[PDB]
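1. take these chains first, placed just as they are in the complex:
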Amino acid sequence: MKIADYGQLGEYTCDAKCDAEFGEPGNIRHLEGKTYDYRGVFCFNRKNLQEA
């Protein structure tokens, strides 16, 4: 998950009143990735490989 941005929330308000108002929302997104592979081959001769 990737956080695109936080919103702007809250405010300084006078203490004399009893209500509060809405802010605005943020954005959060979802991401994916994949994996690659490395490959190869090699050969030998049994007699030489064993008797070296």
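-> Structure received. Numbers count the residues shown, from 1 in each chain, chains lettered A, B, ... in the order given.
2. ok, how many other residues are close to residue A:41?
-> 4 (other Cβ atoms under 10 Å). Bear in mind the C-beta positions are built from the backbone N, C-alpha and C, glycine included.
3. I meant to write residue A:40 there.
-> 4.
4. try residue A:19
-> The number of residues packed near residue A:19 is 5, by other Cβ under 10 Å.
5. what helix or strand is it located in?
-> For residue A:19, there is no host helix or strand (DSSP states H and E).
6. mind checking the SS state of residue A:8?
-> coil (DSSP: H, G, I helix; E, B strand; the rest coil).
7. measure it to residue A:22 for me?
-> 11 Å (Cβ to Cβ, to the nearest Å).
8. the more surrounded of the two?
-> With neighbours defined as other Cβ under 10 Å, residue A:8 and residue A:22 compare such that residue A:8 has more, 10 against 6.
9. list the contacts of the more buried one.
-> Applying Cβ atoms under 8 Å, 6 or more residues apart in numbering to residue A:8 gives the contacts A:23, A:24.
10. equivalent analysis for residue A:39, please.
-> Residue A:39 neighbours (Cβ under 8 Å, 6+ apart): none.
11. could I get the contacting residues of residue A:13?
-> Neighbour list for residue A:13: residue A:20 [criterion: Cβ under 8 Å, 6+ apart].
12. returning to that earlier point: what residues are shared contacts of residue A:8 and residue A:22?
-> With the criterion set as Cβ under 8 Å, 6+ apart, the contacts of residue A:8 and residue A:22 do not overlap.
13. any idea how far stretch A:34-52 is from the chain center?
-> Counting by Cα atoms, centre = their mean, to the nearest Å, stretch A:34-52 is centred 37 Å from the centre of its parent chain.
14. got the CA coordinates for that stretch in CSV?
-> What follows is stretch A:34-52, C-alpha atoms only, in CSV (Å, rounded to 0.1, in the frame of the first residue of the first chain):
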residue,chain,number,x,y,z
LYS,A,34,6.6,-9.2,-9.9
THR,A,35,9.8,-11.2,-9.8
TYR,A,36,12.2,-12.2,-12.6
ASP,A,37,14.3,-15.3,-12.9
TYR,A,38,17.9,-16.1,-13.9
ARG,A,39,18.7,-19.4,-15.7
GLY,A,40,21.5,-21.3,-17.2
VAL,A,41,23.2,-24.7,-17.8
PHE,A,42,26.6,-26.3,-17.8
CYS,A,43,28.0,-29.8,-18.6
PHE,A,44,30.7,-32.2,-17.4
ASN,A,45,32.4,-35.5,-18.1
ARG,A,46,32.1,-38.0,-15.2
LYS,A,47,35.5,-39.6,-15.5
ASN,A,48,37.5,-36.4,-15.6
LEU,A,49,35.3,-34.7,-13.0
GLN,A,50,35.8,-37.6,-10.6
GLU,A,51,39.5,-38.3,-11.1
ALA,A,52,40.7,-34.7,-11.1
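15. another chain to add, chain B:
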Amino acid sequence: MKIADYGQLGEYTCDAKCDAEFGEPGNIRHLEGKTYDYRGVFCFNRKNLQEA
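-> Take a look at chain B, now in place beside the chains above:
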């Protein structure tokens, strides 16, 4: 032993196929050395050597 050269083995391959290809080999070789000697002589007289 001296490792003259490593080879080049493998490569990044697509995951959709079932085979792989040969690389190329390296090169490893054989070395030797020998040793030298330092030599000399010196002389003394027993009476002077013992009475000193």
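16. again for the contacts of residue A:13, chain B present now?
-> If you count contacts by Cβ atoms under 8 Å, 6 or more residues apart in numbering or on different chains, residue A:13 has them with residue A:20.
17. what is the neighbour count of residue A:46?
-> Other residues near residue A:46 come to 7 when the count uses other Cβ atoms under 10 Å in any protein chain shown.
18. could you do residue A:48 as well?
-> Look at residue A:48: counted by other Cβ under 10 Å, it has 8 neighbours.
19. so which strand or helix has residue A:47?
-> Going by DSSP H and E, residue A:47 is part of helix A:46-51.
20. cool, residue A:23 as well?
-> Using DSSP H and E, residue A:23 sits within no helix or strand.
21. distance of it relative to chain B?
-> 47 Å (Cβ to the nearest Cβ, to the nearest Å).
22. run a quick neighbour tally on the residue nearest to that residue when sequence neighbours are not counted.
-> Once flanking residues are discounted, residue A:23 sits nearest to residue A:9: 4.1 Å by Cβ to Cβ, 6 or more residues apart in numbering or on different chains. Per other Cβ under 10 Å, the neighbour tally for residue A:9 reads 10.
23. OK, contacts around the residue of chain A found nearest chain B?
-> Closest contact between chain A and chain B, by Cβ to the nearest Cβ, is at residue A:40 (2.7 Å). By Cβ under 8 Å, 6+ apart, the contact list for residue A:40 reads B:9, B:10, B:11, B:20, B:21, B:22, B:23.
24. and it, how far is that from residue B:21?
-> For residue A:40 relative to residue B:21 (Cβ to Cβ), the value is 7 Å.
25. please apply the same query to residue A:3.
-> 44 Å.
26. before we move on, the earlier item: and which of the contacts of residue A:40 is nearest to residue A:46?
-> For the contacts of residue A:40, the residue nearest residue A:46 by Cβ to Cβ is residue B:22; the value is 18.1 Å.
27. so how many other residues sit close to residue A:45?
-> When neighbours are counted by other Cβ under 10 Å, residue A:45 comes out with 8.
28. include this sequence as chain C:
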Amino acid sequence: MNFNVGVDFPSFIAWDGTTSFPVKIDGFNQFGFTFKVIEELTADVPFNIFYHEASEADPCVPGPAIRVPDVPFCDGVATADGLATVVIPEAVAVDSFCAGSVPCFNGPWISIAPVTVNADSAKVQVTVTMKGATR
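-> Same chains as before, plus chain C:
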């Protein structure tokens, strides 16, 4: 199995029959000569063994020829004049080879040539074999 010996024990021509070739023994730590005949001889053929120093004007070229000195063995005597020499006897057949080497290294290059350039010397072949390298 076949081992490809030439990697570890290189061999070089030294006396093909009509010319002498300096051989650089500097890069290796042991060596030895090998003699072979190609036609019947008529008299003993002697050979002279030299060594060469680096050329003054160019360090990568051999200098003049200098005769190799003799080192008496632990129990023997020196030669007539203290210089190393070799003789190939008469009994050597065509299907045979002779081997021998000097006890000391001296200069970095080595060489060999017959005392005379008569028809007999042209019937012999000489080469130098090297033992494991050091570079």
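29. re-run the earlier check on the neighbour count of residue A:48 with chain C in the model.
-> Look at residue A:48: counted by other Cβ under 10 Å, it has 9 neighbours.
30. for it, which non-adjacent residue is spatially closest?
-> Distances taken as Cβ to Cβ, 6+ apart put residue C:1 closest to residue A:48, at 6.9 Å, once the chain neighbours are dropped.
31. ok, the one you found to residue C:56 distance?
-> Distance, residue C:1 to residue C:56, by Cβ to Cβ: 48 Å.
32. these two: which is more packed in?
-> residue C:56 (9 against 6).
33. which strand of chain C spans the most residues?
-> strand C:45-54 (DSSP state E).
34. what residues does chain C have near chain A?
-> residue C:1 (Cβ under 8 Å from any Cβ of the partner chain).
35. report the closest residue of chain C relative to chain A.
-> residue C:1 (6.9 Å).
36. by contact count, what packs against the longest strand of chain C?
-> Counting by 3 or more Cβ pairs under 8 Å, 6 or more residues apart in numbering or on different chains; DSSP states H and E, the packing neighbours recorded for strand C:45-54 are strand C:62-67, strand C:85-88, strand C:109-114.
37. from the contact counts, what lies against the helix or strand following the shortest one?
-> Looking back up the chat, that one is strand C:85-88. Next in sequence after strand C:85-88, counting helices and strands by DSSP H and E, comes strand C:97-100. Secondary-structure packing of strand C:97-100 (3+ Cβ pairs under 8 Å, 6+ apart): strand C:31-37.
38. the strand it packs on - which strands sit beside it in the sheet, and in what orientation?
-> Strand pairing for strand C:31-37, using DSSP bridges, gives strand C:97-100 (antiparallel), strand C:124-130 (antiparallel).
39. including mean neighbour count, could the ones you listed go into a markdown table?
-> Shown next, in a markdown table, are these (neighbours: other Cβ atoms under 10 Å in any protein chain shown):
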| stretch | mean neighbour count |
| --- | --- |
| strand C:97-100 | 12 |
| strand C:124-130 | 20 |
